[PDB]
Amino acid sequence: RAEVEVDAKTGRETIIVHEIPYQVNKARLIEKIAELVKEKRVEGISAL
DNA sequence: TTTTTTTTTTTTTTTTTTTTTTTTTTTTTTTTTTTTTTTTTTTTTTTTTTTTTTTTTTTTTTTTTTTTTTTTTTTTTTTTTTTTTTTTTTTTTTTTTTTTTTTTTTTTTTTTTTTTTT
């Protein structure tokens, strides 16, 4: 369960993951996202 | 009772190999330096009515040099073949899940002994 929050003051967008699937480790999920960002397999991510 | 044959581990130290300490080259990483975006206000630029004298298009006619034109022979175009690259099925390998089998390490505290350095 995630939403693309859109700022009102500026046009920048931030994705917020409210919930996570079952039997998924959050630390490994964040590490995998960081690995994809470093390898440029997923584009558009600014921060994490 | 004396004397004779044979067997191996040691005096071994040297040759071969292995193990363990080393430091050149392409791939990371922190720094400074240059591209981007948002506000203030500011003289400055720029949008929109009115008048005006202008200078280019439309009555009409003229020609000549680009539009007609036909035809020879080139030469770009197309065909077949083969190589190089791109891209996707296929396979392999690895990781995570939850109950099982196995293990392995770092320090305090005192007192006494080995074990090196001066």
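Conventions and cut-offs
Residue positions are given from 1 per chain in written sequence order; they need not agree with the entry numbering, and residues without coordinates are hidden. To read the labels, note that chains go from A and ligands from 1, taken in the order they are written. This view holds some of the chains of a larger assembly, and the values cover only those chains. The basis for the side-chain values is all heavy atoms of the structure; hydrogens and waters are excluded. Runs of E in the DSSP output that reach at least two residues are strands. Runs of H or I that reach at least four are helices, and both are numbered from the N terminus. The rule is simple: take the accessible area with a 1.4 Å probe, protein chains only, and divide by the maximum for that residue type; under 20% is buried, over 50% is exposed, in between is partly exposed. Shrake-Rupley sampling with a 1.4 Å probe provides the accessible areas, and residues are treated as covered by the protein chains on show and by no other component. We define a salt bridge as a contact between a side-chain nitrogen of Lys or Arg and a carboxyl oxygen of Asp or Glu at a distance within 4 Å.

Regarding how it was determined, this PDB entry cites cryo-EM in its header, along with a resolution of 3.0 Å.

As named in the PDB entry, chain A is DNA gyrase subunit A, taken from Escherichia coli.

Visitor: Sorry if this is basic, but what is going on with the overall build of chain A here?
Guide: From N to C terminus, chain A includes one helix and two strands. Written out in order from the N terminus, the α and β elements of chain A read β-β-α. If one aligns the C-alpha atoms of chain A with their principal axes, the spans along those axes are about 35 × 25 × 15 Å. Classification of the 48 residues of chain A by burial places 0% in the buried group. Carbon and sulfur atoms make up 53% of the accessible area of chain A, which amounts to about 4,800 Å² in all.

Visitor: Mind showing me how you'd approach the pattern of salt bridges here?
Guide: Two side chains carrying opposite charge are able to pair once their charged atoms lie near each other. Across all of its chains, the model carries one salt bridge by this definition. Linking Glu19 and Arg1 is a salt bridge whose minimum nitrogen-to-oxygen distance equals 3.3 Å. Of this pair, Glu19 sits in the loop between β2 (13-17) and α1 (26-38) while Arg1 sits in the segment before β1 (2-6), and the two are 18 residues apart along the sequence. Residue classification places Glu19 among the partly exposed residues on the basis of a relative accessible area of 46%.

Visitor: Help me out: how do you make sense of unusual backbone geometry in this one?
Guide: Residues other than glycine predominantly adopt negative phi, and peptide bonds predominantly adopt the trans conformation. The phi dihedral of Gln23 is positive, around 55°, even though this residue is not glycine. Note that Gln23 resides in the loop between β2 and α1. Judged by relative accessible area, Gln23 falls into the exposed class, the value being 69%. A positive phi is found at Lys40, a non-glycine position, where the angle reads about 60°. With respect to the helices and strands, the residue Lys40 is situated in the segment after α1. Under the relative-accessibility criterion, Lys40 is labelled exposed at 64%.

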